[PDB]
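Reconstructed Cβ throughout: ideal geometry from the backbone, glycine too, with neighbour counts over all protein chains shown. What is reported rests on the model, the rules as stated and the sources as named; no laboratory read-out is quoted.
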Protein chains: 2
Amino acid sequence: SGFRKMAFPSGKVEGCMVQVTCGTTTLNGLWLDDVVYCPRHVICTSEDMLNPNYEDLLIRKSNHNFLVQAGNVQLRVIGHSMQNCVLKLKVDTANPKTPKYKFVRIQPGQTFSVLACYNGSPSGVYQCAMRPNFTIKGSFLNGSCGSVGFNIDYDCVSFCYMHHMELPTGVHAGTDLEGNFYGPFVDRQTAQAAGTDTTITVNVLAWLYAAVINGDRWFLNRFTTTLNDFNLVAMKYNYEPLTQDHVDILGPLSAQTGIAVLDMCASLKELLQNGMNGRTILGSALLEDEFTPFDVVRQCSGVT
Amino acid sequence: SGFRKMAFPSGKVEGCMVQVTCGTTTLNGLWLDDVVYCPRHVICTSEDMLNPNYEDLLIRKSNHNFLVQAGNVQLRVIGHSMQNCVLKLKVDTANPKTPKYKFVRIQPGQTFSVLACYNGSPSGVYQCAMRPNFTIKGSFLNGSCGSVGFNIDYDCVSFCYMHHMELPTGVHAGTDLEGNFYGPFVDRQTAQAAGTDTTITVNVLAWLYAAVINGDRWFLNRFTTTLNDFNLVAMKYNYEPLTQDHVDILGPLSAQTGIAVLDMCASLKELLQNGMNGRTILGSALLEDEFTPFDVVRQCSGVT
Ligand SMILES: CS(=O)(=O)NCC[C@@H]1CCCCN1CC(=O)Nc1cccnc1
Ligand SMILES: CS(=O)(=O)NCC[C@@H]1CCCCN1CC(=O)Nc1cccnc1
């Protein structure tokens, strides 16, 4: 009973967080095996951030200039390299708490947990989604850079995000663990505006299935629709187009509830056109889109 | 930038979760020092749950009937006792991962993180609040009993909740770590209806301060009110009465933003009377009440 915005247990990732300092800038690093990954903007001063030339700035940096501390103990840096927008600091000690891990690059609409850190110390964990405009709506202050996003499949942590910046509008941008930004963003203090933050339709549908499974059924109507008809309405409301791949992904939820995917689309179409009328669904007055179909199945089945 | 429903990092609590089985019932236990705490209903069969006599049922149980497994290894039970609605199983091994801890009994309106577990294995973490009717709106399935709620102050985990049951309406009830239920609930499969789930006014105000700090200011109006005038409106909307103690607790948020607490009350009064008009505050279409003033300060300051 009940449906909550749930993050993965963060323990495995807490065991990887370290503090990285270069000059007067301190941010977070991810320590996996004998490598510490961190945003390359750790080498910048506030005056460098306006138009940094990372290759040039890195020439003035040596291994001993990167101070890495895990807990209250210092790690010895024996190498450093830049891969895209991340620095990889080779240390002389493999992280004894390194979990089984992968680096994955997620697609928009995919959700993940963020372990927000400051000074290499965890402050909290929350669930995010990669928006269709490649931003994330996180909760990050100065010092949170290097905090990571991840998913866990039993005992393997798939790291998908590393926090790099906040845009002037308060939304967030970062990279995968190979240092490639999600979206068109760059690690520079410049005019970077996000595109349209459309709603992740397949995720809203998954959450409507979660509401039916949990007893919230008032929005179920007597209508059906087609993908093309639904998509005409979805476009109008700034919702992402629904594809047959999304319908296939919702199949297990459709099977468990006996509600055909296109019927749920028609209910969603009426919610968009009529509004909620002061009513709530799973304690929310808006259509939640940061639960994937996989998250709904996992939460409704108790996957550990 | 940004404000998220954030849970505490769960690592310290993950190191305490064990599986407890008695007969055909398997639930979760909390292993701190050489004691495993778990709901006493682990001794019940589905036929016992209708009108259980826990003292009588416990007579038929011996130490060897409680199977405790931490990871894939079995713990030896050398004693057992019932304290209120929890069982304390003494084991021969102190939990090597026992963090610094306290057992606290929270008041309604207080928030906490829940590490939802099944078979002693963590599945997810989310943030909850003890409702004014002493229920919690969690996400718990069969097997989640024994999952705990907690707060962390630097390195000391204060355990405040242990999950025991779901009411027929899908809301949740549990105890503190001394086995005393929050509210009038009992660990019996019987007619237990919750009282009015009023809104935690002081928490809504704290979240409105968080919205102002994060740029969402559209709801700020040109009015002020008094505690008595505000409370007349609060009663009408099923909001908890606001006291001078709550005003004092909001003082740091009032100071940081320069918005007098009573002025924020007047903004909240207008939001109640006029509604949101299709607008959102911190990405929500309803007034969020599961952030305490302390949570707002902690998140807005980056406490680790
Ligand atoms: C906001 S801006 O005028 O576009 N300049 C961004 C500043 C630089 C641009 C280059 C990379 C470092 N940031 C710092 C940064 O974004 N820190 C931060 C703070 C809060 C939340 N998240 C991260
Ligand atoms: C729902 S009732 O008809 O009031 N009976 C409650 C059953 C017994 C009553 C006595 C204690 C054990 N529960 C089982 C229980 O609530 N399990 C569960 C399941 C999902 C979420 N959370 C917990």
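Residue count for the range A:251-290 satisfying the condition of being within 20 Å of B:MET276 (Cβ to Cβ), more than 11 Å from chain B (Cβ to nearest Cβ) and in a loop (DSSP other than H, G, I, E, B): 1. Across the range A:145-171, what is the total count of residues that are away from ligand 1 (no atom under 13 Å from the Cβ) and of a type in the set (D, E, K, R)? Residues meeting the conditions: 2.
For A:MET17, indicate whether it is over 30 Å from B:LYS5 (Cβ atoms) and in contact (Cβ under 8 Å) with a residue 40 or more places away in the chain. Against the criterion (over 30 Å from B:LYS5 (Cβ atoms) and in contact (Cβ under 8 Å) with a residue 40 or more places away in the chain), A:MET17 does not qualify. The set of residues in the range A:89-122 that are surrounded by 19 or more Cβ atoms within 10 Å (Cβ to Cβ) and not polar (S, T, N, Q) comprises A:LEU89, A:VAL91, A:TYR101, A:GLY109, A:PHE112, A:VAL114, A:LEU115, A:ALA116, A:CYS117, A:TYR118, A:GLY120, A:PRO122. I'd like the residue in the range A:123-137 that is surrounded by 24 or more Cβ atoms within 10 Å (Cβ to Cβ) and in a loop (DSSP other than H, G, I, E, B) and, out of all such residues, is farthest from the other protein chains (Cβ to nearest Cβ). By that ranking, first place goes to A:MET130.
Within the range B:146-162, is there a residue that is within 11 Å of another protein chain (Cβ to nearest Cβ) and crowded, with 19+ Cβ neighbours inside 10 Å? Yes, the range B:146-162 contains a residue that is within 11 Å of another protein chain (Cβ to nearest Cβ) and crowded, with 19+ Cβ neighbours inside 10 Å. The set of residues in the range A:172-220 that are within 17 Å of the chain's Cα centre (by Cα), within 14 Å of chain B (Cβ to nearest Cβ) and within 16 Å of ligand 1 (Cβ to nearest atom) comprises A:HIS172, A:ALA173, A:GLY174, A:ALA194.
Run down B:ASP153, B:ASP92 and say which single residue is under 18 Å from B:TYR37 (Cβ atoms), of a type outside the set (A, V, I, L, M) and not assigned by CATH to the domain that holds B:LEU205. Break it down stepwise before answering.
Details: B:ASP153 fails: under 18 Å from B:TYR37 (Cβ atoms).
Going through B:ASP153, B:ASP92 in turn, the sole match is B:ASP92.
Outside any loop (DSSP other than H, G, I, E, B), closer than 22 Å to A:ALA173 by Cβ and either free of Cβ contacts under 8 Å to residues at least 24 places away in the same chain or out of contact with any strand residue (DSSP E or B) (no Cβ under 9 Å at 6 or more places or on another chain) (or both): is that true of A:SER113 in this structure? The answer is no for A:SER113.
For the structure I just gave you, tell me whether A:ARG188 is surrounded by fewer than 22 Cβ atoms within 10 Å (Cβ to Cβ), free of Cβ contacts under 8 Å to residues at least 24 places away in the same chain and among the basic types (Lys, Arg). So A:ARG188 fails the test.
When we screen A:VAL20, A:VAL86, A:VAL77 for residues that are touching a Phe, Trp or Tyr at 6+ places or on another chain (Cβ under 7 Å), of a type in the set (A, V, I, L, M) and over 29 Å from B:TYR154 (Cα atoms), the only hit is A:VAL86.
Among the conditions (1) more than 14 Å from chain B (Cβ to nearest Cβ); (2) closer than 30 Å to A:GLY11 by Cβ; (3) surrounded by fewer than 17 Cβ atoms within 10 Å (Cβ to Cβ), the only one that A:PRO293 does not satisfy is (3). Mind listing just one residue for me: the one in the range A:143-192 that is over 26 Å from A:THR21 (Cβ atoms) and outside any loop (DSSP other than H, G, I, E, B) and, of those, nearest to ligand 2 (Cβ to nearest atom)? Ranking the qualifying residues of the range A:143-192, first place goes to A:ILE152. Of all residues in the range B:1-50, exactly one satisfies the criterion of being under 18 Å from A:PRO122 (Cβ atoms) and of a type in the set (S, T, N, Q), namely B:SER10. Taken together, the residues in the range A:1-24 that are under 14 Å from B:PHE8 (Cβ atoms), touching a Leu at 6+ places or on another chain (Cβ under 8 Å) and crowded, with 24+ Cβ neighbours inside 10 Å amount to 3. Screening the candidates B:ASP176, B:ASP153, B:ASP197 for the property of being in contact (Cβ under 8 Å) with a residue 40 or more places away in the chain, among the charged types (D, E, K, R) and farther than 21 Å from B:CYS85 by Cα yields one hit, B:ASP197.
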